[PDB]
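A lone chain, given as structure tokens: the form deposited in one PDB entry.
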């Protein structure tokens, strides 16, 4: 929606002023404004806007004042602040060149390993936003605790992902569906799906831990498909982002399923060519994925997962609106 997107984007400049406008150190506050302006407001803002929409479908229609919708928007920007911090750090860790076409922050002149500090700074900053706007509301402490908990869980996700690599070479014996599912849950699903919905619920004064647990069950399932679809399109999606999962030696759903279905000779091709810099090595792995019928396998998974998740949504108890979870399903599966 034009009105929702514009109202949301209009909040960002206020959050920069809140965090940067410490009058004795103007040179660092000016630099932090640039850190925020480069890394936080560019691209889709899907997680941020999903927080606003989640709130709009959870709150009683009589309580949906512009004031409250703005508070939802500020929570959305706190999600985008958390993500910005995570992606600054991940880019340094993965030594990536670009993110969404933009050169990675750490590559910019006179940053490098100072990106570590900028990561921590950006993550810490969202708690200052929460204090200014929410310190007087009952949802304050639950929201602070949710952000700190999700940060901790995301770090477990990132560390689990790193235990699939040694000396910058993939450990293919680690590429199991159980480890993949755990990586997606902790590294992606909590901050991408649980965080926006739980923020919406808290702002709507929904504190029942069972309601949050029932939301989690369905959101972790949708989250798994989301990342599996993302992994699939990296290799088989119409380029005209250019996919580099194979070169980077990522524990992707494609690599996991490839190893499940491979005969010994096919396993040897993964051992020899997976996570190598040569473009020839990327094409050999892609050719193996085609040979193992991974496009057909994804097509079956997409149809089956959709049906299973839709069934689980129909069985949701409590005051949780099924509407919200069907709406999330629609945007992800695009149907």
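Numbering follows the first chain given and starts at 1. Take the two forms, find the largest set of C-alpha atoms that superpose within 1.5 Å, and that set is the rigid core.
Absent from the display: the form deposited in another entry. The rest refers to it.
In a rigid core superposition between the shown form and the other one, 280 is the single residue of 280, 67, 62, 27 whose Cα is displaced by 2 Å or more. For residue 249, a C-alpha deviation of 2 angstroms or more is recorded between the shown form and the other one after rigid-core alignment. For residue 232, the Cα coordinates differ by 2 angstroms or more between the shown form and the other one after the core has been superposed.
Relative to the superposed core, residue 97 undergoes a C-alpha shift smaller than 2 Å between the shown form and the other one. Relative to the shown form, the CA atoms of residue 235 and residue 96 are brought 3 Å or more closer together in that other deposited form. A decrease of at least 3 Å in the separation of the C-alpha atoms of residue 89 and residue 235 is found in that other deposited form, compared with the displayed form.
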